[PDB]
Amino acid sequence: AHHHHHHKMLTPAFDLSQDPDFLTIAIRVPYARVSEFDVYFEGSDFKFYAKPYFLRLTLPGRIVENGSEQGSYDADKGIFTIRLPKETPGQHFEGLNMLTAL
């Protein structure tokens, strides 16, 4: 037997990874109705916009603003990736596996 639970802006699924220089956020946007996306970051705050998607995260550490962030999109897979430079090089961000949309 199957039971489905259903609980409009969408919150996108996403996957996180890191190395000592960057935090990488890969955002699943298959149902995007735009081909232009906007990202804002400030300290540990992260926002991503692409109608109908909105994603806000509080990151486990801070990101530096110096224009060195790296954005790219894969139209085949429907995934936007942003690499965000760590304010403290070598800081290992903890608990990424349980980070959840604000």
Side-chain angles (χ1 to χ4, degrees), residues 1-7 9-102:
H2 167 240
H3 177 86
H4 182 71
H5 177 78
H6 174 86
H7 168 236
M9 74 193 86
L10 305 178
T11 310
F14 59 90
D15 294 290
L16 303 167
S17 60
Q18 65 186 315
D19 63 16
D21 304 302
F22 296 88
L23 171 82
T24 294
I25 312 184
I27 314 184
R28 185 196 301 174
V29 292
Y31 309 136
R33 292 179 175 181
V34 290
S35 51
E36 311 233 18
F37 317 143
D38 292 288
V39 162
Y40 299 80
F41 58 98
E42 172 165 307
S44 57
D45 191 52
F46 173 82
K47 296 172 186 173
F48 165 89
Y49 299 85
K51 184 196 172 62
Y53 297 105
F54 169 60
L55 179 63
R56 191 180 182 185
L57 300 172
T58 302
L59 305 180
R62 302 169 45 90
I63 301 304
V64 58
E65 170 181 0
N66 56 11
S68 65
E69 77 273 10
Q70 300 163 8
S72 66
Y73 177 68
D74 192 325
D76 295 327
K77 288 124 183 64
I79 298 180
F80 173 79
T81 304
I82 181 73
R83 307 189 73 221
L84 301 165
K86 296 183 169 167
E87 180 183 75
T88 298
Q91 181 180 4
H92 181 260
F93 283 15
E94 308 293 338
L96 293 179
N97 300 352
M98 45 200 114
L99 226 66
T100 318
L102 255 55

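Residue numbers count from 1 along this sequence. Excluded from the calculations below are hydrogen atoms, water molecules and symmetry mates; all remaining heavy atoms, backbone and side chain alike, are included.
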Is it true that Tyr40 and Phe46 have ring centroids separated by less than 6.0 Å? no
What is the ring orientation for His4 with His2, classed by angle as parallel under 30°, tilted 30 to 60°, or perpendicular over 60°? tilted
Within the side chain of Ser72, is there an N or O that forms a donor-acceptor pair under 3.5 Å with the backbone of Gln70? no
Do the non-hydrogen side-chain atoms of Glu42 and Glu65 ever get within less than 4.5 Å of each other? no
Supply the atom-to-atom distance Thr81 OG1 to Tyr73 OH, rounded to the nearest 0.5 angstrom. 10.5 Å
Who passes side chain to side chain contact (heavy atoms under 4.5 Å, CB included) against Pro85, sequence neighbours left out? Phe22, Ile63, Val64, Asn66, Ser68, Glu69
Measuring only between side-chain heavy atoms, which start at C-beta, is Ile27 closer than 4.5 Å to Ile79? no
Side chain proximity check, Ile25 to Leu57, heavy atoms < 4.5 angstrom: yes
Electrostatic pair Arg56:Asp45 at N-O distance under 4.0 angstrom: yes
Does CD belonging to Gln91 count more than 12 external heavy atoms closer than 6.0 Å? yes
Could you check whether any side-chain heavy atom of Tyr49 comes within less than 4.5 Å of a side-chain heavy atom of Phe37, counting everything from C-beta outward? no
Under 3.5 Å, is there a donor-acceptor pair between the side chain of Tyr53 and the main chain of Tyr31? yes
Would you indicate whether the side-chain heavy atoms of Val39 and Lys47 approach each other to under 4.5 Å? no
Looking only at heavy atoms, the pair that brings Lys86 and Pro20 closest together is CD-O, 3.6 Å
Consider only side-chain N and O atoms of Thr24 and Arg83, and report whether a donor and an acceptor are under 3.5 Å apart. yes
Within the 4.5 Å heavy-atom criterion, are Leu16 and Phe93 side-chain neighbours or not? no
